[PDB]
Amino acid sequence: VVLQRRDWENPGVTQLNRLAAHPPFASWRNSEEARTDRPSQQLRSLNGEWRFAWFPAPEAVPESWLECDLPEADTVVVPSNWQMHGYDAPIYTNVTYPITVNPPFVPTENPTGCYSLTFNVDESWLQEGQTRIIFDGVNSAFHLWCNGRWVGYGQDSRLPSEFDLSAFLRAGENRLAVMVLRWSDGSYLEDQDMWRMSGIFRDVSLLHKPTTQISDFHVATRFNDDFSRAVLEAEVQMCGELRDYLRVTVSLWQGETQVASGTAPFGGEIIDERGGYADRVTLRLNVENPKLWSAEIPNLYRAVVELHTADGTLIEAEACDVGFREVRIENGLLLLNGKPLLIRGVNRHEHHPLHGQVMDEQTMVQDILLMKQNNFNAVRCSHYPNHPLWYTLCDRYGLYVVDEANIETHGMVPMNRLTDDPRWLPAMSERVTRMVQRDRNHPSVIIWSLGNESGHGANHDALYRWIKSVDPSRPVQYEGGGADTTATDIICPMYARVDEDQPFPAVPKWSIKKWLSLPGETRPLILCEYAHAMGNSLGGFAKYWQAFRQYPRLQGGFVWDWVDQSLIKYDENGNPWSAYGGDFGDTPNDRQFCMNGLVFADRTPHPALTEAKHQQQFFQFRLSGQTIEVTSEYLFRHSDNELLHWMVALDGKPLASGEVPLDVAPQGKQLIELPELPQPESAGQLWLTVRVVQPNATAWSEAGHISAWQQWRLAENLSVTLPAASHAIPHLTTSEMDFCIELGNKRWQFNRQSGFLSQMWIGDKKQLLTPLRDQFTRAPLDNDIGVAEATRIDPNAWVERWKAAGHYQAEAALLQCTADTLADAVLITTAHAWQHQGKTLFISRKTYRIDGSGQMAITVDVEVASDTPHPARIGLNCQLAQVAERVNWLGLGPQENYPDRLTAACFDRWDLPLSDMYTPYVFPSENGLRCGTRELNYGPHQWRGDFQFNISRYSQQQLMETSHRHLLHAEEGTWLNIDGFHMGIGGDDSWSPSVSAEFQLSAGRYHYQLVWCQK
Amino acid sequence: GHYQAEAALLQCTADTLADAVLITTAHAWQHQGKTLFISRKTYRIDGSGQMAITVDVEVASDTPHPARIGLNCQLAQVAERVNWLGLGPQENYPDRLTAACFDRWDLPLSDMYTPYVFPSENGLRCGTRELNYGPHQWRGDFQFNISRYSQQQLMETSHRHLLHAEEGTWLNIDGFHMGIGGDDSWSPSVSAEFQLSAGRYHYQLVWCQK
Ligand SMILES: O=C1O[C@H](CO)[C@H](O)[C@H](O)[C@H]1O
Ligand SMILES: [Mg+2]
Ligand SMILES: [Mg+2]
Ligand SMILES: [Mg+2]
Ligand SMILES: [Mg+2]
Ligand code: NA
Ligand code: NA
Ligand code: NA
Ligand code: NA
Ligand code: NA
């Protein structure tokens, strides 16, 4: 029947013999164990060592496997993705399906994973009650046998499938056989932009329930106008024989105190002409002054549901954590406990670099900690229901959750081909309804989502209404078909820009500000995805946050995304490296487009994370004279774990500092008058830096955690004092090929054919390995490349425009090189033109003035043809002979910063190891720039001015020629790129030009000045 | 103290090059001991009689952003026409120049003055690459006004009919000029992107004889 029916090529069959969905059960037989959420002896884990064999098709699986272990089978850990054990390749594709688009059919060659487990069942489990097996995640479809007998079938890779094994088991040893299909009709609804894997990748458990049992329960909390009174309403359903003596007791607990309790027999109210539910009961408990749940203060109660005889016999108990909170949209605003939310959100895939799509508690906790430490309060489950533990942790640690159905049909043409088709309504409905049935009691879930990138079909509208009907407590959102359809309560676009319209036909992405006020529009707007964090990205992040704060109805967004989907591979020597699309022989593939994270796969932060943290701060600051005004953006909590530190420094030199306790109400203000500020005699800019410090450790943070900062310029005293009269004067030696300048042991060489400074000497020591030359290009960022599908090339992409214009191939042509002897200096004047196919792209005119103090003043004036694509940078570069341990600078830092991503950086004196000045993006590009630098120190060298710089062992050429970071080699000496000017990095998306006009180098004429000297 | 700031000489040197003379200057404008602006210049006069002026200005970050960054002088000459390659033909300012077109414009001198009943700074033309007046030509990328009335007289005179033509011609040539605003006229109304807030400014001009 199995091979004959081909249930995996039939959307009308998504399960066989699968039990109804429900909230998490453990069947405690002791109420105290239920209350305290301790282990239940009635819920067993079958995680561990299983037998596994791989086959190329289900037709290749031998019948013998149903009753006997296959000798060729291996013993593997479960849960697991079998690609991670090397049985076949994981496939990274974005939009295009990994299989031929021919619904409902899948390939004949359909990788088949045969799992089996021989396991013990106690006699006591079989003498009474019901023994079920629960598969929390099987990707993508499976048949199940127990002791050679066929049990059932299941689809949907991301929700639990449960089966009654009572009639199949024997006391002692039993054998399960699970046949997992890689591809099924379910795969058409699972086209998420992620690695395509398969297997038994979530927990497997065995649950014992009594014959008379709790089969479902729903918890709701409703409130009066000021939230000083609540009613908890618990609906409980039973299965078994109905009897007069049966009762349900629901008890509610605030830690160790029972705050409320209610007991009732079964028999619901009359609902229609045929009566009511005799197998259900609703308990209503009054709660005065409930402690409310939010991400800020995740107050939780425990609800215990006891099924019992009236005279006191507990049959079984179930339980959940209860968060007292109201979610509603009123007058166009999303409210949590009557207050408008500001969503500091991120999308988070379930991804581990070693284990693939298998999740563990440690990784989940690590992620939540890092998120909260970086000022996130919300997470979107892109794009499927998560491992059940995720919700428990979000409940307890406090994060707002968008729970999203496992439906994505991106690769369909058009996108709604399946979702507008009623033949596909049953399969879609199960992915939505079974999510709701499972997760509806979690307070952390505040919004339901219908899926992702499946267009807008009638099936979406039907399922939107289904949720609205069954669960009025939570808004429903869905972005497909233009982000503002009749299937969404929230305008939830992806990559809509702040100010710029993107008027695509049918599905425009309006400026978010404009979107709110379109005729007839009243809904709130929260971006489901924004600020695409691919590689060197998050340019213009502050622009979103300014808009969010100014516009009541712009209530935030979810950054895309949390973590790079890179996977670990090993080289010849067994050394690990980060791999992306195509690295497993997977083809077609979308290469690096799977890496979009604010953190690397091992959870090491990208530089972008600090920009996110800074913009997502909960305290706002204004400066008026000596007055600092602190404003809290908290809705509920006081600043009861917050101290304000302040420091005033003159060009990095500390002049004063102190601390002031913060006592700020939610949404309130506090004025801090700074003491009489000292007047520095010395020249320079005074800078004020403030930081909010948390003196006490929390569940999510260490003592001393910095949660917020800001800087201001204070007084500036411009230097008017003259540099000391240098007694010596530099000697010019003129030859046919060189202009050589000497002053003591210092020597400079300017090549007369090239027109560049080709060498410097300190004593007899060479200082340069490559000459100091202008550079107008950068090793392209992923945003410059502007690709989302590897087959596609956008002629509009910055890298394409630069390449076509000849920026990367333009050669320096010398126009002028002269030397003049001054009264206290030697002056070298140069002019160069950069040309491609007879077209002059750039002209550089320079003076080098070396005086008797040993300093070399470099003045550069550059012309850029108005019709050439604006250049990536305007600066100089050289390869120094020096390799030094440290980099010291007075500029913005300490982390990597670019013109459109530098708000988080602070102006101070920074000192770091050379390695910290390189950002190891897995796909190499221009990296590690620091902006607003007035002084740079490296080895014996010092540069002064007002410039941007990066410094590393890797040239721009190597970076642009290398696809993987692990293939980079340290070059001789150190490559230095010093920029007068540098283009924004953008990132509003990574598949179209996204650098805003104000960050493009469009001025045509540029001036900058550097002083190079020794110290 | 912007209107009463006094120029203090920091540096004034002269050098001879292979085909030119180079004059280097530095000035500080101060008020009550506070240095508001520093102007560093080079004047390069070559064998073709062209005087290349390079100007680099520091503006104290805590002083209000200045109305303009430029040079002014009273020319001995009165000439009939003003001819320029830049935005025109009418008066235009950084935040009010979209109507203006880049072209070669030639007007009588009197049209380079706008007779606002209450006198103020007026007649500026932006985005100018070449200006011609009598024997003089200025080249660069600048804003300018040219008229018989000094900035001093304009600020001291309440009514246009009370203005008297001064000897010769007042020329104001700006590397940079602040927006004029106008969202209202009773509060600061110049948008941030039109305020002269960069701290360090660079402009260059060539003065020659035509
Ligand atoms: O539109 C999207 O942008 C992301 C780009 O990485 C990713 O593909 C998301 O799954 C998708 O919803
Ligand atoms: Mg099927
Ligand atoms: Mg009791
Ligand atoms: Mg997609
Ligand atoms: Mg700041
Ligand atoms: Na808002
Ligand atoms: Na992606
Ligand atoms: Na406090
Ligand atoms: Na690269
Ligand atoms: Na006046």
Side-chain angles (χ1 to χ4, degrees), chain A residues 92-96 193 495 497 502 529-540 560-561 564-566 578-583 587-598 600 606-608 775-809 868-873 896 898-901 919-929 950 954-968 977 982-996 999-1001:
Chain A
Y92 173 58
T93 178
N94 175 5
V95 175
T96 310
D193 179 18
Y495 316 102
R497 294 168 189 195
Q502 300 174 80
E529 299 178 29
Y530 84 107
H532 196 258
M534 184 176 186
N536 196 344
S537 198
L538 244 76
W560 188 276
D561 65 356
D564 281 349
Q565 300 189 45
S566 61
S578 294
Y580 52 80
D583 291 332
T587 179
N589 73 75
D590 289 304
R591 295 287 175 89
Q592 68 264 49
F593 199 65
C594 58
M595 299 182 299
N596 313 140
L598 290 167
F600 292 103
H606 293 198
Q775 189 182 221
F776 302 103
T777 58
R778 75 186 174 196
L781 314 178
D782 278 312
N783 294 335
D784 294 334
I785 289 156
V787 166
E789 304 188 57
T791 316
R792 283 196 178 178
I793 300 165
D794 188 359
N796 200 21
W798 280 103
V799 78
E800 296 307 308
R801 293 182 65 211
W802 291 329
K803 275 163 70 190
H807 286 202
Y808 290 101
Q809 51 196 144
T868 204
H870 312 311
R873 46 145 56 91
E896 171 192 281
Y898 288 77
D900 56 346
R901 198 196 74 220
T919 306
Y921 294 111
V922 176
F923 178 78
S925 72
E926 156 68 29
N927 73 93
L929 203 81
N950 73 46
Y954 317 106
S955 63
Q956 295 291 293
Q957 190 171 14
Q958 200 194 154
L959 293 165
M960 78 179 77
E961 286 173 346
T962 314
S963 62
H964 288 76
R965 66 178 191 182
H966 79 282
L967 297 174
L968 293 168
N977 306 283
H982 198 108
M983 176 172 150
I985 63 180
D988 280 354
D989 63 72
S990 303
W991 50 92
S992 62
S994 63
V995 183
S996 196
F999 294 108
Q1000 293 169 38
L1001 306 182

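A note on names: the letters A, B, ... follow the listed sequences, proteins ahead of strands, and every chain is numbered from 1. We use all heavy atoms of the structure for the numbers below, so side chains are in, but hydrogens, waters and symmetry mates are not.
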Work out which heavy atom in [X] is nearest to a heavy atom in [Y]; give both atom names and the distance.
X      : Y      : value
A:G539 : A:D988 : O-OD1, 4.2 Å
A:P795 : A:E800 : O-CB, 3.8 Å
A:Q958 : A:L968 : OE1-CA, 3.3 Å
A:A608 : A:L598 : CB-CD2, 3.9 Å
A:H532 : A:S990 : ND1-OG, 2.8 Å
A:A790 : A:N589 : CB-O, 3.5 Å

Going from [atom1] on [X] to [atom2] on [Y], what distance comes out if it is rounded to the nearest 0.5 angstrom?
X      : Y      : atom1 : atom2 : value
A:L959 : A:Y954 : CG    : OH    : 8.5 Å
A:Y580 : A:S963 : OH    : OG    : 4.0 Å
A:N536 : A:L781 : CG    : CG    : 5.0 Å

Side-chain donor/acceptor of [X] to backbone N/O of [Y], under 3.5 Å:
X      : Y      : result
A:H964 : A:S578 : no
A:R965 : A:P920 : yes
A:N927 : A:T919 : yes
A:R901 : A:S537 : yes
A:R873 : A:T777 : yes
A:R778 : A:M983 : yes
A:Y92  : A:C594 : yes
A:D590 : A:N94  : yes
A:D989 : A:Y495 : no
A:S996 : A:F999 : no

TODO: Could you walk me through whether A:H807 and A:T868 pass side chain to side chain contact (heavy atoms under 4.5 Å, CB included), step by step?
DONE: CA-CA 9 Å; A:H807 286 202; A:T868 204; 2.9 Å; yes
4.5 Å side-chain heavy-atom contact, [X] and [Y]:
X      : Y      : result
A:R792 : A:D794 : no
A:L538 : A:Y898 : no
A:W798 : A:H870 : yes
A:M595 : A:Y921 : no

Open item on the list: Is a donor from one side chain sitting under 3.5 angstrom from an acceptor on the other, for A:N783 and A:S994?
Closed with: no
- [ ] Could you list the residues that satisfy side chain to side chain contact (heavy atoms under 4.5 Å, CB included) with A:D782, not counting sequence neighbours?
- [x] A:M534, A:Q592, A:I785, A:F923
Task: From A:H982, A:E926, A:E896, residue fulfilling side-chain hydrogen bond (donor to acceptor under 3.5 Å, both in side chains) relative to A:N950 - done: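 Per the side-chain hydrogen bond (donor to acceptor under 3.5 Å, both in side chains) rule, the option paired with A:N950 is A:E926, out of A:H982, A:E926, A:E896.
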Task: A:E961 atom CD, over 12 foreign heavy atoms within 6.0 Å - done: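 Correct, the count exceeds 12.
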